[PDB]
Amino acid sequence: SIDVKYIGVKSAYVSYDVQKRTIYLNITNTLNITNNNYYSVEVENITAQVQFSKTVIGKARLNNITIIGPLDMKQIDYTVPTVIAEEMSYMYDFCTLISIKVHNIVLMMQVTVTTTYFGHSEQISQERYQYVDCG
Amino acid sequence: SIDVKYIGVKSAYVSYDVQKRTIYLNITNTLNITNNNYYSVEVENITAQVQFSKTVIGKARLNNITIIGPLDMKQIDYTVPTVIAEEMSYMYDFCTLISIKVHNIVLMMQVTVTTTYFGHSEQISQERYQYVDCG
Amino acid sequence: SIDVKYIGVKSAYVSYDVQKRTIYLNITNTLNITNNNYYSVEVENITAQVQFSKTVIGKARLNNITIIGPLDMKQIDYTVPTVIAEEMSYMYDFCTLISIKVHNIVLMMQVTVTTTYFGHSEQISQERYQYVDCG
Ligand SMILES: *[C@@H]1O[C@H](CO)[C@@H](O)[C@H](O)[C@H]1NC(C)=O
Ligand SMILES: *[C@@H]1O[C@H](CO)[C@@H](O)[C@H](O)[C@H]1NC(C)=O
Ligand SMILES: *[C@@H]1O[C@H](CO)[C@@H](O)[C@H](O)[C@H]1NC(C)=O
Ligand SMILES: *[C@@H]1O[C@H](CO)[C@@H](O)[C@H](O)[C@H]1NC(C)=O
Ligand SMILES: *[C@@H]1O[C@H](CO)[C@@H](O)[C@H](O)[C@H]1NC(C)=O
Ligand SMILES: *[C@@H]1O[C@H](CO)[C@@H](O)[C@H](O)[C@H]1NC(C)=O
Ligand SMILES: *[C@@H]1O[C@H](CO)[C@@H](O)[C@H](O)[C@H]1NC(C)=O
Ligand SMILES: *[C@@H]1O[C@H](CO)[C@@H](O)[C@H](O)[C@H]1NC(C)=O
Ligand SMILES: *[C@@H]1O[C@H](CO)[C@@H](O)[C@H](O)[C@H]1NC(C)=O
Ligand SMILES: *[C@@H]1O[C@H](CO)[C@@H](O)[C@H](O)[C@H]1NC(C)=O
Ligand SMILES: *[C@@H]1O[C@H](CO)[C@@H](O)[C@H](O)[C@H]1NC(C)=O
Ligand SMILES: *[C@@H]1O[C@H](CO)[C@@H](O)[C@H](O)[C@H]1NC(C)=O
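Protein chains in written order, with UniProt numbering: chain A, 120 to 254; chain B, 120 to 254; chain C, 120 to 254.
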């Protein structure tokens with residue numbers, strides 16, 4: 120990465136900004152920009168790149184082989200009882216949430232057993248979180 | 120990475136900013152920018168890159184093999200009872216949350232058993248957290 | 120990394136900033152910038168890079184092999200009883216939370232058993248935390 124920027128409201132290379140109830144009288148502006156950008160990014164010069172994988176088995180007896188990849192998500196229980204008994208009452212529930220395992224951004228790569236990789240891996244995330252807003 | 124920037128509200132290379140109720144009278148501005156940027160980033164020169172993996176088995180007896188990858192997420196219980204008994208009452212629940220295992224940003228890479236990698240891995244995250252806002 | 124910056128509100132290379140209720144009278148501005156940036160970042164010159172892995176087994180008897188990767192997340196119980204008995208009362212619950220294992224940013228890399236890596240690993244995180252805001 121080169122340039123990652125947080126800007127909440129206003130991004131401006133040049134901003135002549137005037138707010139409300141202003142007397143903008145007798146202003147003379149002269150502006151010159153000579154902006155030059157040169158990028159030479161992510162260059163590879165490989166004469167020879169070799170990835171080699173060999174598995175050899177010879178007169179071998181194999182038994183009881185178990186191979187499990189990542190994320191073995193197994194034997195899990197969720198129990199959220201909600202038992203409400205009522206009699207002659209005044210209920211006022213305005214902003215109440217019951218959230219179970221909510222996914223917002225999930226990013227997973229190359230989640231494997233055997234991997235041979237030559238190169239680049241890049242992730243960028245930019246949001247603004249706001250879960251609950253109740254007036 | 121080169122340039123990572125936090126800006127909450129306003130980002131400006133040049134900002135002539137005037138707020139409210141202002142008398143902006145008799146101003147003369149002369150502005151010159153000569154901005155030059157040169158980037159030579161992430162360059163690799165490899166004459167020979169070799170990755171080698173060999174597994175050899177010879178007249179071998181194998182039994183009871185168990186290989187488990189990462190994140191063996193196993194035998195877990197969640198129990199959240201909510202038993203409310205009522206009689207002749209006034210309930211006022213405004214902003215109440217019941218949150219269980221909420222995912223917001225999950226980033227995981229290359230979560231494997233056997234990995235051979237040559238290169239770059241980059242992650243950038245920029246947000247603004249705000250879970251609960253109740254008036 | 121080179122330049123990581125915290126800016127809460129306002130970031131400006133040049134800021135002529137005037138607030139409210141101001142008499143900006145008779146101002147003469149002359150401004151010159153000659154800004155030059157040169158970057159030569161993350162350069163590698165390898166004539167020969169070799170990664171070598173060999174496993175050899177010869178007439179060997181193997182039994183009771185258990186290999187477990189990282190994050191063996193096993194046999195865990197959560198119990199949060201909420202038993203409320205009521206009779207003829209006035210309840211005022213404004214801003215109450217019940218949060219269990221909430222994920223906000225989780226970043227994990229290369230969480231493996233066997234890894235052979237040549238290169239770069241970079242992470243940048245910039246947020247603004249605010250869990251509970253209740254008026
Ligand atoms: C604005 O400039 C003109 C010419 O320079 C001048 O005649 C005028 O009086 C100026 N305005 C004020 C309010 O002085
Ligand atoms: C930019 O413009 C101004 C306006 O008069 C001038 O004086 C200056 O020489 C210019 N610069 C370039 C690099 O063009
Ligand atoms: C890649 O190409 C040739 C091969 O070695 C090399 O001479 C050249 O300088 C390299 N180019 C860049 C932009 O790095
Ligand atoms: C392992 O082998 C025994 C007998 O050889 C068998 O009963 C058992 O089920 C095997 N394990 C698995 C996980 O299959
Ligand atoms: C603004 O400038 C002009 C010309 O220089 C001048 O005549 C005028 O009086 C100035 N304004 C004030 C308020 O002095
Ligand atoms: C920028 O502009 C000003 C305006 O007069 C000038 O005096 C100066 O020589 C300029 N500089 C360049 C580098 O162009
Ligand atoms: C990569 O390419 C050639 C190969 O060695 C080298 O002479 C050159 O200087 C390198 N280029 C850069 C931009 O590093
Ligand atoms: C290990 O081997 C025994 C007998 O050889 C078998 O009963 C058992 O199930 C094996 N273990 C697993 C995890 O399968
Ligand atoms: C602003 O400048 C002009 C010209 O230099 C001058 O005539 C005027 O009186 C100035 N303003 C004030 C308030 O003195
Ligand atoms: C920048 O601009 C000013 C404006 O007059 C000038 O005097 C100066 O020589 C300039 N410098 C360069 C490096 O252009
Ligand atoms: C990398 O390329 C060649 C190979 O040795 C070397 O002469 C050159 O100076 C290097 N380039 C950089 C930018 O370091
Ligand atoms: C280890 O071996 C014994 C008998 O050889 C078997 O009963 C047991 O289950 C094995 N352990 C595991 C974890 O499988």
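We treat Cβ as the ideally placed atom computed from N, Cα and C, and that holds for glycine.
| Check | Outcome |
| --- | --- |
| Considering only heavy atoms of ligand 12, does any lie closer than 7 Å to the CB of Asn182 (chain A)? | no |
| Looking at the strands, I want to know which residues DSSP matches up with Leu144 (chain C). | B:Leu144 |
| Can you list, in chain order, every residue whose CB sits closer than 6 Å to a heavy atom of ligand 11? | B:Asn164, C:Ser159, C:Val162, C:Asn164 |
| Taking only the alpha-carbon atoms, compute the straight-line gap between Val232 (chain A) and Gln229 (chain B) and give it to the nearest angstrom. | 9 Å |
| So what does DSSP say about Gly177 (chain C), is it helix, strand or coil? | strand |
| By the DSSP assignment, the beta strand (DSSP E) with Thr185 (chain A) in it spans what residues? | 184–187 |
| Three-state secondary structure (DSSP) at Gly238 (chain A)? | strand |
| Report the partner residues of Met210 (chain A) according to the DSSP bridge assignment. | B:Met210 |
| Indicate whether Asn148 (chain B) and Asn164 (chain A) have their beta-carbon atoms separated by less than 8 Å. | no |
| If you drop the 5 nearest sequence neighbours on each side, which residues of the same chain put their C-beta closer than 6 Å to that of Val202 (chain C)? | none |
| For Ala167 (chain A), does the count of other Cβ atoms within 10 angstroms reach 16, so buried, or fall short, so exposed? | exposed |
| Please tell me whether, using a cut-off of 7 Å, the distance from the CB of residue 110 (chain B) to the nearest non-hydrogen atom of ligand 6 is below it. | Look at the range of chain B in this structure, 120 to 254, and you will see that residue 110 (chain B) is not part of it. |
| Just checking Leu144 (chain C) against ligand 1 - is the residue's beta carbon closer than 7 Å to any of the ligand's heavy atoms? | no |
| Just to confirm before moving on: does the CB-CB distance between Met192 (chain B) and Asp196 (chain A) stay below 8 Å? | no |
| Identify the residues that DSSP records as bridge partners of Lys193 (chain B): which are they? | A:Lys193, C:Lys193 |
| If you follow the beta strand (DSSP E) that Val225 (chain C) is in, where does it begin and where does it stop? | 225–228 |
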